[PDB]
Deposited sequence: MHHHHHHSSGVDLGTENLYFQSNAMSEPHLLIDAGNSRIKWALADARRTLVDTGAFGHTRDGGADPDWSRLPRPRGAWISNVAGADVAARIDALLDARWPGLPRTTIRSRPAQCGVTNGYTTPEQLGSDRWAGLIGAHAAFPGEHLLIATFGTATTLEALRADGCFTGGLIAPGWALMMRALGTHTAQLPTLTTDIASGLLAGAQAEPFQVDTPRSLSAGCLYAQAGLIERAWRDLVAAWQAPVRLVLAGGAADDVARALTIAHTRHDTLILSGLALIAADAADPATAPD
């Protein structure tokens, strides 16, 4: 009975896993700066403890603590950090702790979910992160880029004439369009940023395949994966619980 928390820069994801690490309850809530509400932990049993992954800063760390203290007073909690090696995975970062804890947990989750496979993990959040993971557990390196939403948001705030589009709006725009090349501003913007994601991933995957001279499964995770997958001309696999599954394994050990 462990509570797991995946705090990112855009929102805070949580889950409750039993003895068999089955995520019996899941949920998500936004940050206070974005008018985010609190999580509904009313119909939730008292966990033995809480395991936290937080890359969203000290204020979020404090808020999470307050939430736990309000619901379950004095609940045991642990904030995880990236380790040189853990749960079958080795950290290839020159300075292992520098790696985002969410990326670390996701690696641990992916290692278990796809045993005996080389992987390219594409996670779509505030940032788009890529990780190369060998079957033997070796995390050999990665890439970091802004996510689809962030790219368009950046265009809207740092130019005078470009509109600020949400992924909801952007996704609908591309649905009615017929290809990277568009004949209007919001579609050019939406397609330009989307194919920056697809182009990044596709180039990385072919680079990884050519480097390891072996099959590599491309794993996609995150809400934006839906829209990015539709532009991909290479095979891909969806798996949206890698981070929370990893936290379960970390909590279990």
Expected output for missing-CA ranges on the deposited sequence is 1-27, 206, 282-290
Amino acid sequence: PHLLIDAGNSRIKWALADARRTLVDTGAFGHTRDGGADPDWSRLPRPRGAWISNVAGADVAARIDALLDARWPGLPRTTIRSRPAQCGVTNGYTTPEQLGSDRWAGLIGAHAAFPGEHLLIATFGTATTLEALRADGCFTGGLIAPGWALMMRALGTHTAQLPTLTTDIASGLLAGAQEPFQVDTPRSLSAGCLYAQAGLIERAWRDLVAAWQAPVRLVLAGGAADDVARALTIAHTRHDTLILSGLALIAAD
From here on, numbers count along this sequence of modelled residues.
Compare the mean C-alpha B-factor of 27-35 with that of 195-203 as given in the PDB entry, and name the stretch with the higher value.
27-35
Given 154-162 and 69-77, the range whose Cα B-factors average higher in the PDB entry:
69-77
Go through 59, 40, 184, 227 one by one and give the residue whose Cα B-factor in the PDB entry is largest.
40
In terms of the CA temperature factor given in the entry, to which third of its chain does residue 52 belong: lowest, middle or highest?
middle
Using only modelled residues of the chain, where does the Cα B factor of residue 219 rank: lowest third, middle third or highest third?
lowest
Position of residue 242 among the chain's modelled residues by C-alpha B-factor, lowest, middle or highest third:
middle
Would the CA B-factor of residue 112 place it in the lowest, middle or highest third of its chain?
middle
Please place residue 177 in the lowest, middle or highest third of its chain according to the CA B-factor in the PDB entry.
highest
